[PDB]
């Protein structure tokens, strides 16, 4: 029987397993599926750990999430089309669940799917090579439970290893002598650490917004965020100042591009991540910027230089969970033969070029959201993934953007229409800034 290797059991890899199990139930023959996961459990970025740097096994820590993290977008825009929030929880919950609650939801679906038996945990992939003579990938993996490395052959490899875990960590003059903490978002864990401190947050994207907000919520004396392109531009609280580019540090004094200076106690580098695959040779290794049209991926999933290799979730993300589903169903269908890939590499490269050109046609945020919605629509049309109201999910993101513009610190105190019923989610029992307790127990009451 044909064999498929899935690298990673985060939301993407899990979606891939769910896709195959769903086809098997229909009566389709499916390949053998082996999912390799470095961590001790599934969940990907959502599987929280206090650990930073290297894990208990000596492997790079994957987790980039922190304490107090809540859903940063409306949940209504990431609902699985085949497994609703209502089905999982029974009842209606608010629109921005804490990490532990979304983790439960992710896990609930694959528990029902009975796909855990396909996963090997504590088993980082070390290497993948392809031999055209045999038409097989050789996957080398290390099993930390037995301290033994082995290799096995597969007809396909689906890489779902993430791209928000290997940090971009710039050096600025003074970083090495600064008497204070300098920590990348990747290693950030507990906002309580900076209570009563002046925090400098470098960056102007998703992580800067949220980590700055966590530090603010948990009692930072002040937040100073700095940008090198467009400011975030929100109406910040009184103790939050947005400055232009950092130039250098002299002692604990930060110098900015407009000539202004500020003393800071700690620096959090919210400077993003790189696509990094420590386990791939040149001929298989995806090289791309983080954006909505990923380089060298036909239909955003099939590797143009070897289309028997696929990648999931390698785009930057407005949509998340149901985009990964759409991708996983598509990749599944390509492997099963329900979809046939072009034999013309020129055609695959042109597909990517079209996507890049279309992404770049406008820099408008609503255009970007709609662009990715269009991508999900495109993939869903080409498989049996249950169609869902993508326009409705789109409107949720539009409303979410409006809410953040109005009150950046209170945007999580809002509800959105379910794409299934059209009904507004309930108000949560506690305002975000006062909801210091993380637990799922406290959230669900």
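Numbering follows the first chain given and starts at 1.
- Between the stretches 8-16 and 430-438, it is 430-438 that shows the larger average CA temperature factor.
- The mean C-alpha temperature factor is higher for 384-392 when 25-33 and 384-392 are set side by side.
- When the C-alpha B-factors of 151, 357, 129, 84 are read from the PDB record, the largest value belongs to 84.
- Of all the options 282, 238, 344, 147, the entry's greatest CA B-factor is assigned to 238.
- Among all modelled residues in its chain, residue 379 ranks in the middle third by Cα B-factor.
- Per the deposited record, the Cα B-factor of residue 204 falls in the middle third when ranked against the other modelled residues of its chain.
- In this PDB entry, the Cα temperature factor of residue 48 sits in the middle third of its chain's modelled residues.
- Remark: residue 413 belongs to the highest third of its chain, ranked by C-alpha B-factor as recorded.
- Compared with the other modelled residues of the chain, the Cα B-factor recorded for residue 141 ranks in the lowest third.
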